[PDB]
Amino acid sequence: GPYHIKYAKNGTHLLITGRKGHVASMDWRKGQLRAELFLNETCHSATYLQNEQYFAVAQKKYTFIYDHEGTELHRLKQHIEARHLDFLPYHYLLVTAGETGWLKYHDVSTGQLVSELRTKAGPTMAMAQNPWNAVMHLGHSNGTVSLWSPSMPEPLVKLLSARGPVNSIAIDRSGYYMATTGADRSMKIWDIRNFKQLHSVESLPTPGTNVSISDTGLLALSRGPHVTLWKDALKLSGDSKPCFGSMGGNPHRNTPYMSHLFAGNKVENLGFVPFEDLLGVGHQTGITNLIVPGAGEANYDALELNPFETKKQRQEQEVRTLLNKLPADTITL
Amino acid sequence: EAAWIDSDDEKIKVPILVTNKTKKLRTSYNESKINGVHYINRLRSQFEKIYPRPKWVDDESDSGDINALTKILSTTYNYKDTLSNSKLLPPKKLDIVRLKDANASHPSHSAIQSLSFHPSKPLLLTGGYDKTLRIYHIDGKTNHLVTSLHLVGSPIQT
Amino acid sequence: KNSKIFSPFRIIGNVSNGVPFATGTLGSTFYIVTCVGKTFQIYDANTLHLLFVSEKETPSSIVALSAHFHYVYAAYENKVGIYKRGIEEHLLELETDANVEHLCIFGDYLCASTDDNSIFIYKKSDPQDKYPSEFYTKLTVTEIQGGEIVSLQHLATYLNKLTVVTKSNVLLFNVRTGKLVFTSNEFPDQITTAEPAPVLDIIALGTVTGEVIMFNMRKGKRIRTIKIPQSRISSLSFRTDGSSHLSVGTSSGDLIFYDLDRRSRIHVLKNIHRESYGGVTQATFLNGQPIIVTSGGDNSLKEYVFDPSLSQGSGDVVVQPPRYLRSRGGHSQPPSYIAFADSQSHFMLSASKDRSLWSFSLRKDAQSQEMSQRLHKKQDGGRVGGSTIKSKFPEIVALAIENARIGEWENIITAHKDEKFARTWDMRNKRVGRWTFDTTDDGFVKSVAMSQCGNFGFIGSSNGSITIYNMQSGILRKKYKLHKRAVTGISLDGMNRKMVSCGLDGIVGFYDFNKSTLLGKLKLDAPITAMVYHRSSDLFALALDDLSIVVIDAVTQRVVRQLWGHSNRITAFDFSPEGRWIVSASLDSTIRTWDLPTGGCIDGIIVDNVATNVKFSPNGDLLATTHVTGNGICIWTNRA
Amino acid sequence: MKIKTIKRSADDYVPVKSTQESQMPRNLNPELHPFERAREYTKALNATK
Amino acid sequence: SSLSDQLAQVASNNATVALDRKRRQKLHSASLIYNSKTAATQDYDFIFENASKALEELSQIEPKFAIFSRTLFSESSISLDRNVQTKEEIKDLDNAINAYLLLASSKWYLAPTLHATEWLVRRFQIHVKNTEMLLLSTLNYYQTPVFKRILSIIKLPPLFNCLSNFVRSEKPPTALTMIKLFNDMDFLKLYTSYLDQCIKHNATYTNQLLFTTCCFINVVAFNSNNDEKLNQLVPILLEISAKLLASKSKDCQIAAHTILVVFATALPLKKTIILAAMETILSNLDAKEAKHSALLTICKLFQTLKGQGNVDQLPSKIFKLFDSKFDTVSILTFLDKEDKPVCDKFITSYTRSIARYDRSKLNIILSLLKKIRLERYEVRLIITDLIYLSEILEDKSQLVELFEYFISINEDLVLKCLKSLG
Amino acid sequence: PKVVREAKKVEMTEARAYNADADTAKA
RNA sequence: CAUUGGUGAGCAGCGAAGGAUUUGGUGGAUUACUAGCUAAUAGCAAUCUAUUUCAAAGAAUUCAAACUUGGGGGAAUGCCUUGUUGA
Ligand SMILES: [Mg+2]
Ligand SMILES: [Mg+2]
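Protein chains in written order, with the UniProt record's numbering: chain A, 112 to 444; chain B, 122 to 184, 203 to 297; chain C, 19 to 658; chain D, 1 to 49; chain E, 2 to 423; chain F, 410 to 436.
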């Protein structure tokens, strides 16, 4: 341990990467282990590429791409000390950031480095992708949030959303709201369409390591061993501000929707199960899924993502998605 | 139908909100202080939520019959009659223990061609082509030699 | 009685003295508080590691123990002590000479029952006070009300009522007002144990003739009646894991389990604890787990677990029998011999009258392990002759160890009472060895010694013959015949050149091991009883029969010192590592430290129980002793 | 209280008959179909190519 | 534990979800009437249509089956899935399934039952979830072809792994292996529970009792050498005997008569257990055919008694009960038949009981002694008691005649008893 | 094969316990 | 004649209600034993979360930030640096 978990875009596969180097790709529902590496190295995070066939792992100094069965396919020499990974599905780009403060976009299909951008803000502390526009959000140690595109050597937008390092960032499905947590024990919800701060829970009991937003809009928070969920937090009206406790039953105050305590474990990552009402939690002793009613999208669209896809559908979808790949340049606010 | 009634419980009046654990016992948020009888009755419900009420306590009570055999099984743990009381030995199992060998005290230099136990006294006689008559006192723990008698030129067959 | 060189440190190898242990829960985890004579030890239920011990020995033996969260209450004579983390925080002293017998804590009240059928109640001075300190009142149950008090129990949801359980019947006392709310009907058979059930208003009562009664206090009526003919219940406990089970302990040492719903027996665990030492003194289910902890007077604590049922359906019927999970233990009778296994103070060998040899670890209690007596297969191929029923080896009269060749082959020799050969053991493997050494003169083994190099083992016979074997092969090499009486000591110098022997004839012979020659012969006034040879200094001390310790210099073969003062036999003695002191014990119940340079007694002690053995640590830090009473070993620190 | 969870009847979404077509549920919420303009653009470019 | 091990437990739980098409093919392929290739092609509606007709035929044979038409075989059951239901609901479904498997246990030979159970195998996947109940009901058909099919489509529980070889194997399981499956104690508790359910519902039939009896008898025989195991067997199997004896159905009681006798010879027992056994046997003894089997069992039990008081008189309650179910004329008829089993010890005990309790039957003593030759020690006990009778009871023509009989045969022994007594 | 009888590892679990401290009451 | 070659058939000798080989599972050790959880100068251990908010403190022209590159030759279009044009 500790274990970092990432689910597939369709919710069919789960990728766990132990810090000391146990990477496992598995179909958690049917309990079949696709691959299992015991890299005697430190692995920081991993992601699934276009489908469950390929995954990437950020090891001590380089990123490696692997096949379904666990054979390495490439060693990405260009990406040095990558700490966080993300994959833009429609554009077929792999994104990286780390201690170098360089944002590198790599195209998986052609194997070419589309663009490498100098953040100039020291090591990157958090990252999240906006699904609506595929603009990447980076946190930094100076407390700013910067938005980047492959085509622009300078950040599109810079938001000052904390007084210290930004530990985590999350963006809803609609690409309209953003939740940032900092080392100043503060959470800030942002409206990224118009760039207006909506809420600022200035004082938390302890710094929040991670944040996440479901498809349905639940806001999830983790503070060391605690995991707290709020419903309807992401909204413009004042009463939706997150509050831990209602004072004398004031209806306007928004108390936590659900909470849970991992007794002796520090949570490592939170990831919602895409199309099911489950919340994944990574911690020191492994992986745990909590039951969070209302979290997920009940009605998925089969053409785009399908949890019940057969292999023949998988390979047909792998090509047609490759044919209409959006060019990297099209990314914009 | 309670056998006893405790009057101190009807007068005792306890606050709930002082301790965190008791806070669950409230029925309404305005309520803050209750007399004892309701406090006991509320404590009973919370106790059940901790340890659910099993079947044996409630539905069942003990308070030629067919169930004779099942009863006698319950009381007895050893289902085999003690062999000490019986005066026939069991068929297939032998309860046999070794003792010190009789001849350790004074060994025989030839085969033990015959053995005999004295009718009343605890003596055993051995012989062999060694031409000797050894009598032993079989106690089972020492087995010393009472006497020996050498018969020159009389091989002992019985 | 207070030494100026040595001070008590702890007792090793004692896990429970038979007093019922008490279980306390901190959050999720569970801990077990056990009695060891005049002190108590707290064990973690998960791993049975030793966590804490009471700082100081109570003036009188502990009788009852009850634990409640961090705080632990221990009751000795007329005083009830409160302890936190093994540190006494406060002492409740009762105002009567009668000794406390039972102890109950519910909420802010503390109840202590004395042997005169008087119940004392203490209360908390303040509602948020941690433990009760103030004296509230005194309730006494007369013989008309009921008989002697068996135990004090508190049922849940009973506001300020104490369920006093007596041999005659059960009583309900309201401590706040001190009035008898209810007296139960008389029970024909003497009651021995009580237990509050997870059900409400029902308390399980154990009688002296194998009855368990689920008596309903609210209804004042019997609900159920178990029968266990020809037995005496000693403990009771219910299973709170969601299955209606009941564990009934018996004085015979047998633990039985019943399924109350089905009215049937799951299993019986036989002879888990010796019947001689009180059998199942305490057996309690952990609250909400499938694990049951048991203890007994035989200085052992055990744990058993109920595995899940194998049947996918009807799991209730198909119940796996309980399975041994883990345990900790010690000798059942006082140790007879001790010796330091290692140059450091890590490991200790102990042999007792219970026919078992143990390896005790001073640095940690968990590391303590028993030497298995399973025999290796004979090299010849012949069948080893022994009784089919497995019985432990007779007790160990004498022992010797070396570490020059640890791991390569056997390095320990032990002699047994009334046995004509010496058996070998292997420390690294923790198992008896594959060689047996015979005296070869129809005589019993009286002395065992080993060379420093770990290659030769010397066995001294009672008929005067000294045999030498080779440890690696167990083949006899040489045999010395000088003494005509029993040899009571053998030793070989560090250089493996000069050998010295002593026997009941009072003669000490000097042999040259290399050339096998008799260098010289020395006669003393009295028979010799034991010998210790100090290899660094080449001095060896003889415990003569005239109550004298004679030091002799092997190089020159002359008496150099003679120590007097002992009033009785010298049971044992040892040299200091540096070669400067001798600590000797005697049957006059004293331990005297003798200063060899000046030849006089510099320190003296009076122990309540005679000390059978004394052994310095090779470091010199610790001194360990064993006594005619007490299953453990007393450890002392060398203040010098 | 009243708890309800996203609840998939496997028979609905995986046909029992091996011959039958598989169900294809469809949600027209734009939040599930991002880049409406860019995707149609490439499909225009590829049609020209 | 390794990651692979835990994932295996997840798979076993998730066996019947039908997550993807390949899983749907394996699950839907299992069948009791059809091969794999045809099985994949069928739909629930077609399968249910056959079952609805098949249940109707079973209903005509036995009205009880008609009830499941309202619960398991209703048109709504087509849309019912187990994976989607809650924990409380599945228990009611399991109870309904278990009840049905009991009724279908005796009609497996008939063709319609094999169709009716197909609906449960396909719809409710009893072959995966209720695996234990299905095998237990069809244990006695182990040589039948139907049992072979059940093995092929079923994953064996941990207790039934003795049959692991015979899955998808040409030879059916042999009689010898069935003894191994019953040999393990854990199975006996499992089979005991299932057998208990049959008695409660009176669902038993001769074939089950025959097979259940034959296995239990054999288990004792296989354990004859190992005494300690036999001791562990007594709590289980004798407990079954008490339950079987409780049943009104005669064939159930007769099976208890078989199983009791074999222990008595297999393992000597205390008299209290033997005496307790008589009361249970005699409490529910109404059927004539059971009545014959009982009397042989009673005599056989006493022969196994080999301790002091072996020929002691029965307790008073036991004696009155025995005479009620067996008048004096009956036992004389039993003593008459030339092929009688050895019953001397019981008759010695039954003889002495009369003298203690029933004086007017004292004439019957003369008839009983003539018909059967009793052992010398037995005769000595009879003489000793009759001597006390004369001292206490008034002298009677029958009483002196009984002596007069003993005068005629073995006169010298009569003096020895008189010498020791008077 | 005979029935496999494996000793599965048993680890502790949280369980709720009734606390007597609610019991004592002062007038 | 020799096998320190294999496979068997039997002795002598050893020899207490059997002996020998292989193997699955769990438990204790393999470092030297001061208890669990939390928002931690105390609560909880049945949790509260119907006081958990307010106040106070808190923003370097460091407004720097790949110490992270396999060697050789280049680099249209990119990116870095510098200057320039027009707003
Ligand atoms: Mg093993
Ligand atoms: Mg270059």
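Just so it is clear, CB atoms sit at the ideal spot from N, CA and C, and this is done for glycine as well.
Using CA coordinates, which residue listed in the options is at the minimum distance from residue i?
i: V322 (chain A); options: A:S348, A:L381, A:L270 and A:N365; result: A:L381
i: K185 (chain C); options: C:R610, C:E166 and C:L542; result: C:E166
i: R373 (chain C); options: C:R381, C:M389, C:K382 and C:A359; result: C:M389
i: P158 (chain E); options: C:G331, C:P247, C:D325 and C:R423; result: C:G331
i: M1 (chain D); options: A:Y411, A:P404 and A:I280; result: A:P404
i: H185 (chain A); options: A:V378, A:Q223, A:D412 and A:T396; result: A:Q223
i: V412 (chain F); options: E:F183, E:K326, E:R377 and E:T273; result: E:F183
i: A93 (chain C); options: C:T57, C:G125 and C:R103; result: C:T57
i: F24 (chain C); options: C:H645, C:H349 and C:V601; result: C:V601
i: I60 (chain C); options: C:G461, C:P77, C:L83 and C:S78; result: C:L83
Does residue i come out as helix, strand or coil in the three-state DSSP assignment?
i: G42 (chain C); result: strand
i: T114 (chain E); result: helix
i: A105 (chain E); result: coil
i: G293 (chain A); result: strand
i: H133 (chain A); result: coil
i: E111 (chain C); result: strand
i: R83 (chain E); result: coil
i: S213 (chain B); result: helix
i: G349 (chain A); result: helix
i: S465 (chain C); result: strand
i: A19 (chain E); result: coil
i: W139 (chain A); result: coil
i: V147 (chain E); result: helix
i: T42 (chain E); result: helix
i: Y351 (chain E); result: helix
i: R242 (chain C); result: strand
i: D456 (chain C); result: strand
Could you pull out every residue in the same chain whose Cβ sits closer than 7 Å to the Cβ of residue i, ignoring the five residues on either side in sequence?
i: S294 (chain E); result: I255 and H258
Taking 6 Å as the limit between beta carbons, can you name the residues of its chain near residue i, skipping five residues before and five after?
i: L238 (chain B); result: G279
Does the distance between the C-beta of residue i and the nearest non-hydrogen atom of ligand 4 fall short of 8 Å?
i: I442 (chain A); result: Absent from the structure shown: ligand 4. Ligands present: ligand 1 and ligand 2.
Enumerate in chain order the residues of its own chain whose CB-to-CB distance from residue i is below 8 Å, with the five nearest sequence positions on each side excluded.
i: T298 (chain E); result: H258, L261, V262 and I282
I'd like to know if the stretch 152-171 of chain B and the stretch 218-230 of chain E are in contact, where contact means that at least 3 CB-CB pairs between them fall below 8 Å. When Cβ pairs closer than 8 Å are counted between the two stretches, the stretch 152-171 of chain B is seen not to touch the stretch 218-230 of chain E, the count staying below three.
With three or more beta-carbon pairs closer than 8 Å as the criterion, would you say the stretch 630-641 of chain C touches the stretch 589-601 of chain C? Output reads yes: the stretch 589-601 of chain C touches the stretch 630-641 of chain C.
Take every Cβ of the stretch 105-125 of chain E, pair it with every Cβ of the stretch 164-180 of chain E, and state whether three or more of those distances are shorter than 8 Å. No: the two stretches stay apart, fewer than three of their Cβ pairs being nearer than 8 Å.
Please determine if the stretch 317-324 of chain E and the stretch 348-368 of chain E are in contact, where contact requires at least 3 C-beta pairs separated by less than 8 Å. Counting Cβ pairs under 8 Å, three or more are found: they touch.
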